[PDB]
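Peer 1: This structure is in structure tokens; I'll ask about it shortly.
Bear in mind these aren't lab numbers, they're just calculated from the coordinates by the rules spelled out. Cβ placement follows ideal geometry from the backbone for every residue including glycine, while neighbour counts extend to all protein chains displayed.
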Amino acid sequence: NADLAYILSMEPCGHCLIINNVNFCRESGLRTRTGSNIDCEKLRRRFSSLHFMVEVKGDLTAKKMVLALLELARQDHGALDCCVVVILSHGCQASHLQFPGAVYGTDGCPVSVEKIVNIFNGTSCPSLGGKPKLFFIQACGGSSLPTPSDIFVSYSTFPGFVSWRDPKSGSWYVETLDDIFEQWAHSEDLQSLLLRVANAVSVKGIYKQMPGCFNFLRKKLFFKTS
Amino acid sequence: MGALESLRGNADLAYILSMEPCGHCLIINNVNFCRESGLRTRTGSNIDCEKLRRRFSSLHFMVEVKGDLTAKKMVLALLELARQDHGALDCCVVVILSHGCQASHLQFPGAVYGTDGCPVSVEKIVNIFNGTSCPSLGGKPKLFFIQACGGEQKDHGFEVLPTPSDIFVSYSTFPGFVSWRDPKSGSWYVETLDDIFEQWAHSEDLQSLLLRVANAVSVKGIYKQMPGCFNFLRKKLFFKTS
């Protein structure tokens with residue numbers, strides 16, 4: 001209350017798009033991301049519980065990924081409270097100007113996180129103005145309000161399967177995140193959940209790459225559950 | 001023994017700050033830039049500078065302020081800081097007040113200008129405090145508050161292995177945008193942050209505080225500013241208060 005938390009009253013809570021890239025063309029040389037379907041199913045099932053209208057889309061091209069994203073922003077989120085985008089794919093380690101991060105489309109071409117974030121800013125998507133825009137990225141391999149307000153990105157490149165010898169048992173990250181949400185999303189906010197995830201991950205890999213959060217929200221975000 | 005209490009106490013959910021003092025705090029305050037620069041005098045930074053000096057002193061840090069430093073001297077000050085022994089400390093704070101801009105980066109956006117008009121990337125600054133370069137802060141929170149233009153765009157808004165660890169970078173403005181300041185009241189961001197840390201540092205964690213700050217600043221001026229941060233922390237952070 002007192003404008004300390006975003007109001008998620010509406011039912012459904014919002015739209016959620018999951019880009020699941022598994023099969024890449026030969027020219028790129030990017031290995032098949034087998035096990036990502038396990039990941040996709042966990043997340044689809046998850047954000048569904050969080051009362052979102054989840055739409056999955058497999059093996060998308062950089063061009064097609066962008067179109068799907070634009071297609072989402074062209075929507076009327078007017079009576080909705082939040083938007084969610086999840087992308088599973090190989091990560092691109094290009095350096096950037098505004099925001100870090102990129103993910104490979106099936107064609108081998110990258111789509112920077114900065115492009116993705118902006119497709120959802122205030123000008124491009126007035127419909128979501130003042131509402132929280134969440135982006136979850138798992139790169140396995142490879143009055144007025146400010147225009148960029150309410151943008152929140154969780155970026156993970158943590159390799160590691162649930163069963164360490166089996167590259168097809170799924171992502172230890174998604175499973176850990178999914179598990180933590182299942183247990184605390186009912187009483188803890190987004191940033192609090194993600195810290196539990198970040199901690200769990202670090203305990204699993206001392207030096208290994210820890211997930212980061214590019215946080216530009218104005219209030220806490222308590223997901224709608226039960 | 002309430003919730004917040006049990007929370008503050010859980011070493012798994014919160015960074016435990018038990019040492020006295022807490023650690024080092026370094027404030028770099030550049031106000032007078034060279035002529036060749038074209039950069040303006042950052043009138044009002046000094047009031048921001050002292051507020052923070054006093055603020056972090058309040059939060060049990062050993063504060064050291066260094067003003068008007070060339071890019072080279074900045075790196076030097078930062079190198080010496082990391083070169084120290086933070087073994088009996090629990091946290092490290094670095095504040096930078098100055099002009100800034102976009103810089104090509106891998107993990108951390110933007111850069112900050114030395115008094116000489118030369119740029120120092122935030123990413124280079126954060127990295128000076130990596131686990132190898134400064135094992136004395138391994139696993140401990142290293143905080144960075146950056147008050148500098150994140151870019152050139154004036155936002156009108158609309159009507160309504162070298163990996164970061166325990167790194168937390170609070171940005172005054174969104175990467176790519178302009179950060180606003182007042183000649184006699186200081187920068188929106190710092191004035192807001194000090195005010196908020198005043199009222200809540202005693203009962204709220206670092207991140208919670210900054211949402212308040214981001215929320216407050218977001219309703220300001222004709223031109224808009226959207227504060228935010230790159231959080232690579234593992235736990236919540238509650239400062240040691242008075």
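Peer 1: Quick check: from the Cα gyration tensor, does the stretch B:89-140 come out rounded (a/c under 1.5), prolate or oblate?
Peer 2: Cα axes put the stretch B:89-140 in the prolate bin.
Peer 1: Among DSSP bridges having both ends in the protein assembly as shown, what percentage is antiparallel? Round to the nearest 5.
Peer 2: Just about 35 percent of them are antiparallel.
Peer 1: Can you sort B:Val160, A:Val22 so the residue with the fewest Cβ neighbours within 10 Å comes first?
Peer 2: Fewest to most other Cβ atoms nearby, the residues stand as B:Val160, A:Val22.
Peer 1: Please average, across the residues of B:170-178, the number of beta carbons from any other chain that are within 10 Å of each residue's own beta carbon, and give a whole number.
Peer 2: Values: counts 1, 3, 0, 2, 11, 9, 7, 4, 0.
Taking all residues of B:170-178 together, the mean is 4.
Peer 1: Can you bin the stretch A:141-207 into rounded, prolate or oblate? Criterion: square roots of the alpha carbon gyration tensor eigenvalues sorted a ≥ b ≥ c, rounded for a/c under 1.5, prolate for a/b above b/c, oblate for the rest.
Peer 2: Note, shape of the stretch A:141-207 comes out prolate.
Peer 1: May I ask you to list the trypsin sites (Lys or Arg not before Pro) in the stretch B:39-100 that are in a DSSP loop and have at most 16 other Cβ atoms within 10 Å of their Cβ?
Peer 2: Sites meeting the loop and neighbour criteria: B:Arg40, B:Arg83.
Peer 1: While we're looking at this one, here's another question. Too long at a 23 Å Cα-Cα cut-off: which of A:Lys115/A:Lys168; B:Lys142/B:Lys236; A:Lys57/A:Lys168?
Peer 2: Working: A:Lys115/A:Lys168 30 Å; B:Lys142/B:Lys236 13 Å; A:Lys57/A:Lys168 20 Å.
As for pairs spanning more than 23 Å Cα to Cα, those are A:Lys115/A:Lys168.
Peer 1: Would you work out if chain B is rounded, prolate or oblate? Take a ≥ b ≥ c from the square roots of the eigenvalues of the alpha-carbon gyration tensor; rounded if a/c is under 1.5, else prolate when a/b is larger than b/c, oblate otherwise.
Peer 2: Oblate is the answer for chain B, as a/c is 1.5 or above yet b/c matches or exceeds a/b.
Peer 1: What number, rounded to the nearest 500 deg cm²/dmol, is the helix-based mean residue ellipticity at 222 nm of chain A, given -39500 (n - 2.57) per DSSP H run of at least four residues and division by all its residues?
Peer 2: -8000 deg cm²/dmol
Peer 1: Name the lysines eligible as straight-distance cross-link partners of A:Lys208: C-alpha to C-alpha under 16 Å, and not fewer than 8 places from it in the same chain.
Peer 2: Output for A:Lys208: empty list, no partners.
Peer 1: Which whole number gives the average, over all residues in A:213-226, of C-beta atoms from other chains lying within 10 Å of the residue C-beta?
Peer 2: 5
Peer 1: Antiparallel as a % of all DSSP beta bridges within chain B, to the nearest 5?
Peer 2: Around 30 percent antiparallel, to the nearest 5.
Peer 1: Partner chain Cβ atoms within 10 Å, averaged over the residues of B:97-105 - can you pull that number for me?
Peer 2: The mean count of partner-chain Cβ atoms within 10 Å per residue comes to 2.
Peer 1: Right, next: Applying a 10 Å radius around every beta-carbon, put B:180-192, A:130-142 in order of their mean neighbour count, most first.
Peer 2: A:130-142, B:180-192
Peer 1: Highest mean first, what order results for B:99-111, B:163-175, B:194-206 on Cβ atoms within 10 Å?
Peer 2: My ranking of the peptides, most packed first, is B:163-175, B:99-111, B:194-206.
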